[PDB]
């Protein structure tokens, strides 16, 4: 079972208990660490996102080496350099993928870059390719990228670089952007972004990552859930061993319009900002645990098999130990390739919740143990 985890190189800048560096990783937590993110130049060459990624005078070894140095104490761990994300937008992807020669510049620059900095593969999180032009250029990029990685491996004798992508879970996005049959043979696996189905961008109070649909939400959304999107990628021609189910350690929240209307499918505006994530409508597991300690009421959605909590006018959809174990039993029963996490930094990665029994990574640990057979230690002696 492939169990990748996203490392974000800006989580080191969060405050106090939220500060996350690679040294907070613990062996066997993941089989793959995706480094979010690598960056691009206007000419589509590759560069570091953060100067602190490279060995420097101020931070020292730098985040690339500090993440890759994790492979000495986790001897089966592989790393990948990810490109894109939502903040990256699409204008630079659209230009880079526009021609054989613009793609090759990125492809050659990227393969060189990852071999220089110790990564075992290249992850494309273009969010999102859209339309016939994009759809064909995206298929050309992944085929040409894999083609170059095979060559480089053939020439060098090294194990071939991995070629993955974080991909959309929404049916309309999936249709407008991805020629799956022409993509599947050139991908090692895809990180299915089976979350952000509902969110503060809209008034519809819903679930970030419902495993199944619920009749509490209007039928028009029956496809916006983990099970439907994974099936959709399988049905369009991605093999299951390549579909890695996405797992959020963050949650999405709302300021209710009516404090006594607390059911899924009510209406609201973005949630109040939380202390450490500092993004309205988003919040981390280590923040939700404190809400539960400070009086929030925990609810379980039986149809969608995920929790929500309510505290005053604050309504939060999130994931916990129960929803994680239910999604992992889901992954095994249905035979998908494994599960990945967005992100390591939103789990209670240091058993720092006031409520914590000491378990490091209470959420991600369930994936190590239920998919990997790995027991993550408790903090302390």
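Residue numbers count along the first chain shown, from 1.
Between 257-265 and 128-136, the higher mean Cα B-factor belongs to 257-265. Averaged over Cα atoms, the B-factor as recorded in the entry is higher for 319-327 than for the other of 336-344 and 319-327. Remark: of 89, 246, 210, 218, 218 shows the highest value [criterion: C-alpha B-factor in the PDB entry]. Across 100, 225, 82, 173, the greatest Cα temperature factor reported in the deposited entry is at 100. Residue 49: CA B factor lies in the middle third for its chain, per the PDB record.
When all modelled residues of the chain are sorted by CA temperature factor, residue 279 is found within the highest third. The entry lists a Cα temperature factor for residue 109 that places it in the highest third of the chain's modelled residues. Per the PDB record, residue ranking by Cα B-factor puts residue 252 in the lowest third of the chain.
Residue-level temperature factors show residue 71 in the lowest third of its chain, judged at the C-alpha atom.
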